[PDB]
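Undergrad: Sharing a structure here in structure tokens format.
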Amino acid sequence: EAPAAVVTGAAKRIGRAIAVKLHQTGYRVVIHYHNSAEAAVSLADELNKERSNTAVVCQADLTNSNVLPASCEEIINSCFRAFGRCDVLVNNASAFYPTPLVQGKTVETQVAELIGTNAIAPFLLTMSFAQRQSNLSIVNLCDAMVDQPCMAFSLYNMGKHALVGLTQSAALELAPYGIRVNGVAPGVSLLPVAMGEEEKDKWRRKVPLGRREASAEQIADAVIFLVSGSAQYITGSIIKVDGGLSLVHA
Amino acid sequence: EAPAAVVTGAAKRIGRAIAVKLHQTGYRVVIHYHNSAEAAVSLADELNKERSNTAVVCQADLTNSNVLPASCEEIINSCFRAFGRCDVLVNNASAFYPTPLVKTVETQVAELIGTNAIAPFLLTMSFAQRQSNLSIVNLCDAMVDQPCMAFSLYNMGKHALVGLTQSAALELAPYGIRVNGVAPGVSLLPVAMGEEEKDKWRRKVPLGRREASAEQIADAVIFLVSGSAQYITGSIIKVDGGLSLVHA
Amino acid sequence: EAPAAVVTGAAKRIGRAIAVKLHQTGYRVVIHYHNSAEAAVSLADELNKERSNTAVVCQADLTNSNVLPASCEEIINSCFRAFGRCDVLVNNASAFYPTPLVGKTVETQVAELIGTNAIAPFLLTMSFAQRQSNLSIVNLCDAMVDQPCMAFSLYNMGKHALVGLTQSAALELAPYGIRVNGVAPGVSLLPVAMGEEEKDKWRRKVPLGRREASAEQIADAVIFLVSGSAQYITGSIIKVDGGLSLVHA
Amino acid sequence: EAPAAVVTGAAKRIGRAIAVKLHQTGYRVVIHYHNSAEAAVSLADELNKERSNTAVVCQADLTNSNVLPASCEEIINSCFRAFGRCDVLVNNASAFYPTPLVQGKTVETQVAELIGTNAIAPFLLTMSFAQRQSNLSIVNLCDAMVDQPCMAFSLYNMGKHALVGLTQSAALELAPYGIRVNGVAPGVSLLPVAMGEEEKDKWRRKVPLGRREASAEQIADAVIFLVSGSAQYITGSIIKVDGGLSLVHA
Ligand SMILES: NC(=O)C1=CN([C@@H]2O[C@H](COP(=O)(O)OP(=O)(O)OC[C@H]3O[C@@H](n4cnc5c(N)ncnc54)[C@H](OP(=O)(O)O)[C@@H]3O)[C@@H](O)[C@H]2O)C=CC1
Ligand SMILES: NC(=O)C1=CN([C@@H]2O[C@H](COP(=O)(O)OP(=O)(O)OC[C@H]3O[C@@H](n4cnc5c(N)ncnc54)[C@H](OP(=O)(O)O)[C@@H]3O)[C@@H](O)[C@H]2O)C=CC1
Ligand SMILES: NC(=O)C1=CN([C@@H]2O[C@H](COP(=O)(O)OP(=O)(O)OC[C@H]3O[C@@H](n4cnc5c(N)ncnc54)[C@H](OP(=O)(O)O)[C@@H]3O)[C@@H](O)[C@H]2O)C=CC1
Ligand SMILES: NC(=O)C1=CN([C@@H]2O[C@H](COP(=O)(O)OP(=O)(O)OC[C@H]3O[C@@H](n4cnc5c(N)ncnc54)[C@H](OP(=O)(O)O)[C@@H]3O)[C@@H](O)[C@H]2O)C=CC1
Ligand SMILES: Nc1nc2ccc(C(=O)NCCc3ccc(Br)cc3)cc2s1
């Protein structure tokens, strides 16, 4: 039968593009979402209209807490319940906002959301994916600009660096099980919905290759590569998909 | 007056060497401890005998919890109380143990991410908020990119500490606060580890087939806080005898 | 028309597998070689049997010298003379042998290891861009550049220089729509003459499957990078190393 | 007796500051120079006035050619001839100018100067230093911006990347002989003499720590540390001295 993938934060934007392209490649997909229930169910409907019984949704907060391990366990379980197997995990869900060091959320809430979604939830999902176990792999959505960070984003940056560490540590530890672990690191892709055009164009103008952001499809293309049989010897690699942005000095 | 430094996990091993060497350089010091009160006080006694009223201790658990922010606030405050200023923060305290992918997990998170990364972040915030040659030094790990098998959470925390080092260097540079790291390889081996397993690591090191002493680590800390490093920020100095250059 | 690609050192091993896969993808190919004329011609004949007039050979030494710029210009020109265009350059050719710090002269070692691994790539990149749609260059890098073999300093220098060229050229050619990327093998095809027992010491160190990459696995990453699936990727270097570079001493 | 150090390109700017500070620390110095004969001899005069017989000059072109190995051997030999020992090599000399990929020196000459001075000469000097062999060490002047390069500086960038490789490879290979090999990587320090003032201030304003370039002395300070007894377990390390410049995104 068809392989199955979990994509976290898959209702919109890049995570939707990944779920769609996995689906088009022939995967069955768990569309995880947190708040975006209408968007999630709408996507699942679309996919299921293309091939029936091939998409389900799964709701979970990926904020760190004492129940996050259970929630991550349940996301993986939802793939096995729906499809009988889980071949691919894409850790795409992410919180992203400033946490200035010199200063309504409390700091322990910021830590829970930015470190939880970007790093701890990927770790617990990886553990559950490996434990619940062909071409198995995990793809972590990283950030090409992790070493040239946005001013005042220390906790987000910490979380994305931790995710690089997970990608490496998990690639090493899971290789004996045949599970590959790799990352895709966008530079500027879909800009934040809240961002003004003028601010969007400032970012666009910085990109060497075309002076434009990555499309969601372009990000998903690299994910599709890493899960594919064309990447069978690739583990612990993080592919930047950034149009050269990370090479540009100040 | 004399400048003042906070050193976390300063009662034993690497943090003790750092505290001693800072003290010998003329800093007044806050010796932070969690469980090692006797050791902390013994060090303070040794330092105060050399120079009166130049060393104090500060207890705090650095596990992540609802109260870690307040604890980190207190460590920094205790420096300003004792000495009227705080010039240097050395984020040295660390938890280290395996967390296989295949203690509850959330306690492991609280220790290996809390003590290794979140507490540095909160201490950095408190240090900067409460503000010369000001600087922060984070104790990183030279083997971050070639990690020990089954140490994912530990490795995650040390990568996050790299991220903090860079992000805080950028954000605090406007305030004249430098932020740097020192990345040991094999130093004083964990007490638990066997001597045979220790020998195996020793032989792998290009420079002299031996571990770093704690004082070698402290030497790099001293450089980074000194006036000889006044343009250095966002740098992580490996002190590993070349171990990280060695392939499998 | 079908696009065209230059692959250096394409007679054997990895460069051969790259030229084959590019050809199977629909590229016309220039098969560059230095000493292996029989192998280069054999490959070109095999490809031309598959599709006529799609494969040519081009002989050149890529050792650093006064004449290397002209040689590199002529490699690129050969693709335009054969095929009327040059879409892809794969810098694959490489010299690889120890150069201890403490029977060729040292300046010959420099010329061969720095010329093949770095200088020739640079000169080919210049000739490629000057002669100019999905244009791209792929440089064969080395995943173990930061954990080098003992006594391989010149080889290691050349491969680090190649990383620099990949980044610098990606930034500089991005306005011309030319992407520049790398593929960094760990242990792939080992020497044929290397004892199986020595080959096994290497294979045992690879986390993923305790084996070396095939040439085809390396070529697969090249194919991705030149493909329309990599249209936003430039300045990136993809390790294809089975996790070898993650393993501590 | 006092230890001895070779500093390449030591007549002016950062190399001069390194030679001065090593001398101030107790070292006897070989002041290598290519064209700057007046300033070389003037510096050696100045140091010898401070302590007699503690400074010599040594002229050599570090452009790549079939005679560069002999020129490198001669630089090391000059230290032994003057001082009977050679404890420290500082690879500081450097050519630096644009070499655009797309179009009055020939390209052959641009390769010879930029790869010879920045990389090949360091390698051959390292070879000679090791072959002729307390607290021995080599310090290579690298570049903090090598992964965010100046546009059109490909050959310079290639040379500096090669120098990172040399720093690592030589640190591994020479560690058994008790020779440590490390790097110091400036960001913007003393700006080119050729450069206008508006352009200098543009670069200054990018530096997070102080919005100013490094002094030559601040670069030398890091060199002094790496050769010192306080760096005895440090090898294969490159210390950026860049005021945060390499952390700043486009
Ligand atoms: N866009 C860009 O330019 C870049 C993106 N990336 C990375 O690529 C990935 C995709 O980016 P993008 O599509 O912009 O991501 P978004 O910012 O759109 O976030 C994706 C999803 O994350 C989910 N999420 C947020 N917080 C939580 C939480 N507490 N619990 C569970 N889910 C949560 C949301 O699900 P819901 O809507 O259901 O609440 C959201 O739709 C991310 O990992 C991101 O960091 C990296 C660099 C640049
Ligand atoms: N040792 C080596 O070879 C290596 C060192 N490092 C880094 O070097 C630094 C120092 O290492 P080392 O001296 O061996 O450290 P240890 O592992 O011996 O621990 C240092 C101190 O940290 C404190 N600490 C640990 N957990 C907590 C906690 N939850 N709350 C509060 N304090 C805590 C302890 O203080 P107390 O005793 O008072 O409870 C402890 O003595 C660390 O940051 C480490 O990661 C990096 C890699 C290798
Ligand atoms: N195999 C592996 O495990 C690894 C490979 N790589 C890289 O992958 C690429 C392909 O590897 P592999 O197939 O093993 O390479 P080889 O060592 O087999 O060399 C490829 C070709 O390089 C050509 N070459 C050598 N010297 C010169 C020269 N002076 N002038 C012109 N051409 C020359 C030769 O052509 P001819 O036969 O015609 O003389 C040779 O067949 C290389 O860049 C290599 O560094 C990196 C890491 C590991
Ligand atoms: N200054 C800065 O902002 C930065 C500098 N650096 C690095 O730090 C080091 C010192 O920088 P800086 O003082 O600006 O260097 P300079 O550009 O001033 O060059 C140093 C010396 O190198 C010598 N040199 C040049 N070409 C040759 C050659 N063919 N043969 C022999 N010697 C030659 C010259 O000697 P002579 O005058 O005798 O002919 C020159 O005085 C260099 O390696 C540089 O790459 C790194 C990044 C930033
Ligand atoms: N979950 C998400 N993670 C990231 C990471 C990076 C980016 C990104 O680069 N966005 C454009 C640059 C940007 C966006 C917002 C601010 Br405020 C500053 C810069 C956007 C996102 S969305």
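Chain lettering (A, B, ...) mirrors the order of the structure tokens, residue numbering begins at 1 for each chain separately, and ligand numbering begins at 1 in order of display.
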Distance limit 8 Å, atoms considered: only C-alpha atoms. Which chain A residues sit that close to chain C? Return them as a PyMOL selection string.

TA: chain A and resi 168+171-172+175-176+178+180+208-210+214+218+221-222+225+230-244+247-248

Undergrad: Applying 10 Å and only C-alpha atoms, which residues near segment 242-244 of chain B remain after dropping the ones on its own chain fewer than 2 positions away? List them as an NGL selection string.

TA: (:B and (141-146 or 184-186 or 201-209 or 211 or 238-240 or 246-247)) or (:C and (146-147 or 248-249)) or (:D and (168 or 171-172 or 175 or 180-181 or 233-237))

Undergrad: Give me a file of those residues, with N, CA, C and O atoms, as a short mmCIF file (atom, residue, chain, number, x, y, z; two decimals), in the first residue's frame.

TA:
```cif
data_model
loop_
_atom_site.label_atom_id
_atom_site.label_comp_id
_atom_site.auth_asym_id
_atom_site.auth_seq_id
_atom_site.Cartn_x
_atom_site.Cartn_y
_atom_site.Cartn_z
N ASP B 141 30.54 23.31 23.93
CA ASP B 141 31.13 21.97 23.85
C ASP B 141 31.74 21.79 22.45
O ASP B 141 31.07 22.06 21.46
N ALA B 142 33.03 21.41 22.38
CA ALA B 142 33.74 21.43 21.11
C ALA B 142 33.19 20.29 20.26
O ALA B 142 33.40 20.28 19.05
N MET B 143 32.49 19.32 20.87
CA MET B 143 32.08 18.15 20.11
C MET B 143 30.61 18.21 19.71
O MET B 143 30.08 17.20 19.29
N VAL B 144 30.05 19.44 19.64
CA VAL B 144 28.65 19.72 19.35
C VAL B 144 28.21 19.13 18.00
O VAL B 144 27.05 18.73 17.81
N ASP B 145 29.14 19.06 17.03
CA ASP B 145 28.80 18.60 15.69
C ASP B 145 29.19 17.14 15.47
O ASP B 145 28.96 16.59 14.38
N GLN B 146 29.76 16.50 16.48
CA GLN B 146 30.08 15.09 16.38
C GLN B 146 29.66 14.45 17.69
O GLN B 146 30.50 14.02 18.48
N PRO B 184 35.13 23.27 25.66
CA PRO B 184 36.08 22.20 25.99
C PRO B 184 35.77 20.95 25.18
O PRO B 184 34.65 20.73 24.72
N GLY B 185 36.79 20.09 25.06
CA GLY B 185 36.59 18.76 24.52
C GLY B 185 36.43 17.76 25.66
O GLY B 185 35.49 17.85 26.43
N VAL B 186 37.38 16.84 25.80
CA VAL B 186 37.43 16.08 27.04
C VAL B 186 38.28 16.87 28.03
O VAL B 186 39.43 17.27 27.75
N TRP B 201 39.55 7.78 25.72
CA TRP B 201 39.36 9.15 25.25
C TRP B 201 40.69 9.89 25.19
O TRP B 201 40.92 10.64 24.24
N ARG B 202 41.54 9.67 26.20
CA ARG B 202 42.83 10.34 26.31
C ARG B 202 43.64 10.11 25.03
O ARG B 202 44.17 11.05 24.46
N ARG B 203 43.68 8.85 24.57
CA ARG B 203 44.53 8.46 23.45
C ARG B 203 44.06 9.08 22.12
O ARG B 203 44.80 9.08 21.15
N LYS B 204 42.83 9.60 22.07
CA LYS B 204 42.25 10.12 20.83
C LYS B 204 42.68 11.57 20.60
O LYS B 204 42.57 12.08 19.48
N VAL B 205 43.16 12.23 21.65
CA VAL B 205 43.40 13.66 21.59
C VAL B 205 44.74 13.92 20.90
O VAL B 205 45.77 13.44 21.38
N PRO B 206 44.79 14.70 19.78
CA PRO B 206 46.06 14.95 19.09
C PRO B 206 47.13 15.56 19.99
O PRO B 206 48.27 15.11 19.98
N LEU B 207 46.75 16.58 20.78
CA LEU B 207 47.72 17.29 21.59
C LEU B 207 47.98 16.54 22.91
O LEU B 207 47.48 16.92 23.94
N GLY B 208 48.86 15.53 22.88
CA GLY B 208 49.42 15.00 24.13
C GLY B 208 48.56 13.92 24.78
O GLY B 208 48.77 13.57 25.93
N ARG B 209 47.52 13.45 24.07
CA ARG B 209 46.89 12.18 24.44
C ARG B 209 46.43 12.23 25.90
O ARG B 209 46.46 11.22 26.62
N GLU B 211 43.57 14.71 28.68
CA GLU B 211 42.49 15.69 28.82
C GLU B 211 43.02 17.08 29.21
O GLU B 211 44.13 17.24 29.76
N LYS B 238 37.44 26.96 20.91
CA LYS B 238 37.60 25.56 21.31
C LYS B 238 38.87 25.45 22.15
O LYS B 238 39.91 25.99 21.80
N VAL B 239 38.79 24.59 23.17
CA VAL B 239 39.94 24.25 23.99
C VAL B 239 39.89 22.74 24.15
O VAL B 239 39.39 22.26 25.16
N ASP B 240 40.35 22.02 23.12
CA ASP B 240 40.05 20.60 23.00
C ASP B 240 41.26 19.78 22.57
O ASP B 240 41.10 18.59 22.29
N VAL B 246 39.50 15.18 14.70
CA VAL B 246 39.86 13.78 14.46
C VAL B 246 38.66 13.01 13.86
O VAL B 246 37.60 12.93 14.47
N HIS B 247 38.85 12.39 12.68
CA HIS B 247 37.75 11.64 12.09
C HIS B 247 37.56 10.31 12.83
O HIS B 247 38.45 9.86 13.55
N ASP C 146 36.43 19.08 7.55
CA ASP C 146 36.78 19.61 8.86
C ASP C 146 37.26 18.51 9.81
O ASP C 146 37.55 18.80 10.98
N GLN C 147 37.33 17.28 9.31
CA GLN C 147 37.91 16.17 10.07
C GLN C 147 38.83 15.39 9.14
O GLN C 147 38.56 14.23 8.79
N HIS C 248 32.29 10.87 16.06
CA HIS C 248 33.46 11.37 16.77
C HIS C 248 34.60 10.34 16.73
O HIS C 248 34.38 9.18 16.34
N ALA C 249 35.83 10.77 17.07
CA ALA C 249 37.01 9.90 17.06
C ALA C 249 36.81 8.70 17.99
O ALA C 249 37.38 7.59 17.79
N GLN D 168 43.49 23.54 10.21
CA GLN D 168 42.98 22.28 10.75
C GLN D 168 43.96 21.15 10.48
O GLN D 168 44.20 20.32 11.38
N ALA D 171 47.19 21.48 12.34
CA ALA D 171 46.99 21.26 13.79
C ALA D 171 46.95 19.76 14.06
O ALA D 171 47.62 19.25 14.96
N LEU D 172 46.22 19.00 13.24
CA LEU D 172 46.16 17.56 13.47
C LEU D 172 47.53 16.89 13.31
O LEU D 172 47.93 16.01 14.09
N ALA D 175 50.47 18.15 15.90
CA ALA D 175 50.21 18.00 17.34
C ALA D 175 51.18 16.99 17.97
O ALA D 175 51.74 17.24 19.04
N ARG D 180 51.41 23.69 17.99
CA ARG D 180 49.98 24.01 17.93
C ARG D 180 49.75 24.91 16.72
O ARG D 180 50.64 25.64 16.34
N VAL D 181 48.57 24.77 16.06
CA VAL D 181 48.33 25.61 14.91
C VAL D 181 46.93 26.23 15.08
O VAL D 181 45.99 25.46 15.14
N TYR D 233 46.55 24.06 25.44
CA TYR D 233 45.73 22.96 24.98
C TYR D 233 44.86 23.41 23.79
O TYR D 233 43.96 22.70 23.41
N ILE D 234 45.14 24.59 23.22
CA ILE D 234 44.36 25.06 22.09
C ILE D 234 45.11 24.74 20.80
O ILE D 234 46.21 25.26 20.58
N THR D 235 44.48 23.96 19.93
CA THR D 235 45.02 23.76 18.58
C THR D 235 43.86 23.53 17.62
O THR D 235 42.89 22.87 17.98
N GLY D 236 44.02 24.03 16.40
CA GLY D 236 43.00 23.88 15.37
C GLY D 236 41.86 24.87 15.59
O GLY D 236 40.79 24.65 15.04
N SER D 237 42.07 25.93 16.38
CA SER D 237 40.98 26.84 16.70
C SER D 237 41.18 28.12 15.93
O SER D 237 42.31 28.59 15.82
#
```

Undergrad: Which residues are near ligand 4 - at most 6 Å, using only C-alpha atoms and all ligand atoms? Format: as an mmCIF file with C-alpha atoms, in the first residue's frame.

TA:
```
data_model
loop_
_atom_site.group_PDB
_atom_site.id
_atom_site.type_symbol
_atom_site.label_atom_id
_atom_site.label_comp_id
_atom_site.auth_asym_id
_atom_site.auth_seq_id
_atom_site.Cartn_x
_atom_site.Cartn_y
_atom_site.Cartn_z
ATOM 1 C CA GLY D 9 54.174 40.924 5.871
ATOM 2 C CA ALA D 11 56.424 46.004 7.800
ATOM 3 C CA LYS D 12 53.068 47.715 8.097
ATOM 4 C CA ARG D 13 49.526 47.521 9.531
ATOM 5 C CA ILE D 14 48.491 44.343 11.329
ATOM 6 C CA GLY D 15 51.732 42.397 10.763
ATOM 7 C CA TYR D 33 58.538 42.039 3.846
ATOM 8 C CA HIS D 34 58.123 42.095 0.079
ATOM 9 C CA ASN D 35 58.094 45.683 -1.190
ATOM 10 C CA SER D 36 58.084 47.682 2.044
ATOM 11 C CA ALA D 60 60.686 37.563 -0.087
ATOM 12 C CA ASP D 61 57.932 37.467 -2.675
ATOM 13 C CA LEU D 62 55.214 35.048 -1.505
ATOM 14 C CA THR D 63 53.534 34.781 -4.925
ATOM 15 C CA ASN D 92 50.016 37.347 8.155
ATOM 16 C CA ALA D 93 51.106 38.418 4.610
ATOM 17 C CA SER D 94 48.181 38.687 2.228
ATOM 18 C CA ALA D 95 47.220 39.900 -1.233
ATOM 19 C CA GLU D 113 49.393 36.089 -5.918
ATOM 20 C CA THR D 117 50.239 34.564 -0.494
ATOM 21 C CA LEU D 141 45.521 35.281 9.815
ATOM 22 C CA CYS D 142 42.184 34.108 8.474
ATOM 23 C CA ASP D 143 39.070 36.157 7.712
ATOM 24 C CA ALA D 185 40.099 35.931 11.938
ATOM 25 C CA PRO D 186 39.632 39.744 11.720
ATOM 26 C CA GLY D 187 36.410 41.253 10.480
ATOM 27 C CA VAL D 188 37.049 44.828 9.496
ATOM 28 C CA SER D 189 40.319 46.037 10.961
ATOM 29 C CA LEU D 190 42.640 48.616 9.371
ATOM 30 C CA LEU D 191 40.768 49.510 6.204
#
```

Undergrad: Can you pull out every residue with an atom within 6 Å of ligand 2? Use only C-alpha atoms and all ligand atoms and format it as a PDB file with C-alpha atoms, in the first residue's frame.

TA:
```pdb
ATOM      1  CA  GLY B   9      28.306  25.761  39.199  1.00  0.00           C
ATOM      2  CA  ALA B  11      31.980  24.785  43.674  1.00  0.00           C
ATOM      3  CA  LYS B  12      33.862  22.064  41.832  1.00  0.00           C
ATOM      4  CA  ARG B  13      35.840  21.109  38.735  1.00  0.00           C
ATOM      5  CA  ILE B  14      35.757  23.592  35.859  1.00  0.00           C
ATOM      6  CA  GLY B  15      33.697  26.370  37.503  1.00  0.00           C
ATOM      7  CA  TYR B  33      26.015  26.236  43.805  1.00  0.00           C
ATOM      8  CA  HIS B  34      22.971  23.986  43.798  1.00  0.00           C
ATOM      9  CA  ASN B  35      23.905  20.960  45.960  1.00  0.00           C
ATOM     10  CA  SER B  36      27.549  21.612  46.802  1.00  0.00           C
ATOM     11  CA  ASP B  61      18.588  25.326  41.522  1.00  0.00           C
ATOM     12  CA  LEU B  62      18.994  25.952  37.759  1.00  0.00           C
ATOM     13  CA  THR B  63      16.471  23.308  36.641  1.00  0.00           C
ATOM     14  CA  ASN B  92      29.389  27.250  33.501  1.00  0.00           C
ATOM     15  CA  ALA B  93      26.778  25.070  35.304  1.00  0.00           C
ATOM     16  CA  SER B  94      25.753  22.072  33.272  1.00  0.00           C
ATOM     17  CA  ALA B  95      23.890  18.769  33.477  1.00  0.00           C
ATOM     18  CA  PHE B  96      25.188  15.865  31.396  1.00  0.00           C
ATOM     19  CA  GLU B 111      17.681  19.742  33.465  1.00  0.00           C
ATOM     20  CA  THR B 115      20.287  24.256  33.132  1.00  0.00           C
ATOM     21  CA  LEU B 139      30.716  27.099  28.483  1.00  0.00           C
ATOM     22  CA  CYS B 140      29.910  25.361  25.193  1.00  0.00           C
ATOM     23  CA  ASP B 141      31.126  21.968  23.848  1.00  0.00           C
ATOM     24  CA  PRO B 184      36.083  22.204  25.990  1.00  0.00           C
ATOM     25  CA  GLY B 185      36.593  18.761  24.521  1.00  0.00           C
ATOM     26  CA  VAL B 186      37.430  16.081  27.038  1.00  0.00           C
ATOM     27  CA  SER B 187      38.366  17.802  30.269  1.00  0.00           C
ATOM     28  CA  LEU B 188      38.102  16.379  33.770  1.00  0.00           C
ATOM     29  CA  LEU B 189      36.121  13.250  32.918  1.00  0.00           C
TER      30      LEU B 189
END
```

Undergrad: Could you work out which residues of chain B fall inside 10 Å of chain D? Count only C-alpha atoms, and format the result as a VMD selection string.

TA: chain B and resid 166 to 167 169 to 179 184 205 to 213 215 to 220 222 to 224 227 to 246

Undergrad: Please list as number ranges by chain every residue within 12 Å of segment 49-54 of chain B, counting only C-alpha atoms and excluding residues in the same chain fewer than 2 positions away.

TA: B: 1-6, 19-20, 22-31, 42-47, 56-57, 79, 82-84

Undergrad: Would you mind listing the residues within 8 Å of ligand 3, counting only C-alpha atoms and all ligand atoms, as an MDAnalysis selection string?

TA: chainID C and resid 8:16 32:37 39:40 59:63 91:96 112:113 115:117 139:144 159 184:191 212:213 215

Undergrad: Find the residues in chain A near chain D: any atom within 7 Å counts, using only C-alpha atoms. Write them as a ChimeraX atom specification.

TA: /A:147-149,206,247-250

Undergrad: To one decimal in Å, tell me the separation between atom CA of residue 195 of chain D and atom CA of residue 97 of chain D.

TA: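 Pair atom CA of residue 195 of chain D / atom CA of residue 97 of chain D returns 12.0 Å.
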
Undergrad: To test your reading of the structure, identify every residue in segment 4-242 of chain C that backbone DSSP assigns to helix (DSSP H, G or I), and report it as a PyMOL selection string.

TA: chain C and resi 13-24+37-50+68-83+106-130+153-176+196-203+215-226+228-230

Undergrad: Pick the closest to chain B from C:4, C:148, C:42, C:169: which is it, counting only C-alpha atoms?

TA: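 When distances to chain B are compared using only C-alpha atoms, the smallest one comes from C:148.
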
Undergrad: Have a look at atom CA of residue 65 of chain C and atom CA of residue 77 of chain D and let me know their distance in Å, one decimal.

TA: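 We find that atom CA of residue 65 of chain C and atom CA of residue 77 of chain D lie 28.0 Å from each other.
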
Undergrad: Write out as a PyMOL selection string all residues of segment 3-233 of chain D that DSSP puts in strand (DSSP E) for this structure's backbone.

TA: chain D and resi 4-7+28-33+55-59+88-91+136-141+179-186

Undergrad: Please list as a short mmCIF file (atom, residue, chain, number, x, y, z; two decimals) with N, CA, C and O atoms, in the first residue's frame every residue within 8 Å of residue 47 of chain A, counting only C-alpha atoms and excluding residues in the same chain fewer than 6 positions away.

TA:
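New file selection_32.cif:
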```
data_model
loop_
_atom_site.label_atom_id
_atom_site.label_comp_id
_atom_site.auth_asym_id
_atom_site.auth_seq_id
_atom_site.Cartn_x
_atom_site.Cartn_y
_atom_site.Cartn_z
N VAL A 20 0.74 18.63 0.67
CA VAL A 20 0.21 18.50 -0.68
C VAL A 20 1.17 17.75 -1.59
O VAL A 20 0.77 16.87 -2.35
N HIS A 23 1.37 14.20 -0.76
CA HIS A 23 0.14 13.54 -1.19
C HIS A 23 0.21 13.25 -2.70
O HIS A 23 -0.05 12.13 -3.14
N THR A 54 -7.21 9.15 2.27
CA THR A 54 -5.76 9.36 2.22
C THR A 54 -5.30 10.55 3.06
O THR A 54 -4.09 10.78 3.15
N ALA A 55 -6.22 11.31 3.65
CA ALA A 55 -5.83 12.41 4.54
C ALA A 55 -6.70 12.41 5.81
O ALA A 55 -7.92 12.27 5.72
#
```
